[PDB]
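By convention in this document, chain letters (A, B, ...) are assigned in the order of the sequence lines, proteins followed by strands, and residues within each chain are numbered from 1.
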Amino acid sequence: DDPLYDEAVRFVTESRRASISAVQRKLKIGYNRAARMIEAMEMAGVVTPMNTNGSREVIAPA
Amino acid sequence: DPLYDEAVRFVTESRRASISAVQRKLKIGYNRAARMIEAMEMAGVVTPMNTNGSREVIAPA
Amino acid sequence: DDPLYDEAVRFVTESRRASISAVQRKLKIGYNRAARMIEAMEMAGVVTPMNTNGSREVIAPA
DNA sequence: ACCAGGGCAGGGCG
DNA sequence: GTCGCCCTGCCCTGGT
């Protein structure tokens, strides 16, 4: 539902970075907003769940 | 970034170009500090990273 | 004026270890928080600046 | 009442 | 074992 969602998924899948932090940097948005889009990406199988140390890997092809 | 000149002044005086040093100095987060180091690199104030990961400051103090 | 500064100073001066990492572990604080306090100790003459070889020494007595 | 980003601790690396 | 720095996620300030 976020206007930036499509752009966030593009960034994530092109850059191969699945971090909330990286999205915040690229789109100049806050933690809550970026976290929600990442959670949507997880919910939609674009991005992995995080492992114990918080890192995720990009599922979707670029 | 409105703090760009301050960051430039900091690195050119200290000769330190770590993201973290700038982040602490300017009381800012990692993302904003990284962005500023990137701007300094694009403006020739500091070098890009070498093999290990360290930058040199090119601008005079 | 970090609340934990005096505590950090007592640990550094007792241990003779002027290290950001040792303070992190001793106090259970983040890297930047510990680094800020080491920097503060440098400016106050409690520890030396970082040497060109990396190292730091404690100046102040225990 | 909103919301970017700075407060926090620390894992993963050279 | 040790070190410092990059970059992370999570929590809550700061602000016109």
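Nearest nucleotide to the side chain of C/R33, out of E/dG4, E/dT8, D/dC8: D/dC8.
Considering only side-chain N and O atoms, A/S55 lies nowhere under 4.0 angstrom from the phosphate OP1 or OP2 of E/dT8. Between C/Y31 and E/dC5, a side-chain N or O to OP1/OP2 separation shorter than 4.0 Å is present. Look at A/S21 and you won't find any side-chain N or O under 4.0 angstrom from OP1 or OP2 of E/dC7. At the phosphate of D/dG6, neither OP1 nor OP2 sits under 4.0 Å from any side-chain N or O atom of B/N31. Applying the 4.0 Å criterion to OP1 and OP2 of D/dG10, one finds that C/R25 has every side-chain N and O outside that range. A sub-4.0 Å separation between OP1 or OP2 of E/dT2 and a side-chain N or O of C/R56 is absent.
Within 4.0 Å of A/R17, counting heavy atoms only, lie sugar-phosphate atoms of the nucleic acid but no base atom. Note on B/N52: nothing from the nucleic acid sits closer than 4.0 angstrom, heavy atoms only. If you check every strand for non-hydrogen atoms under 4.0 Å, A/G54 touches sugar and phosphate atoms only.
A donor-acceptor contact under 3.5 angstrom links the side chains of C/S55 and C/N51, judged on distance only.
At distances below 3.5 Å, at least one donor-acceptor pair connects side-chain atoms of A/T13 with backbone N or O atoms of A/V9.
Between A/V58 and A/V12 there is a side-chain heavy-atom pair separated by less than 4.5 Å.
Between B/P48 and B/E41, the closest heavy-atom pair is CB-OE2, 3.2 Å.
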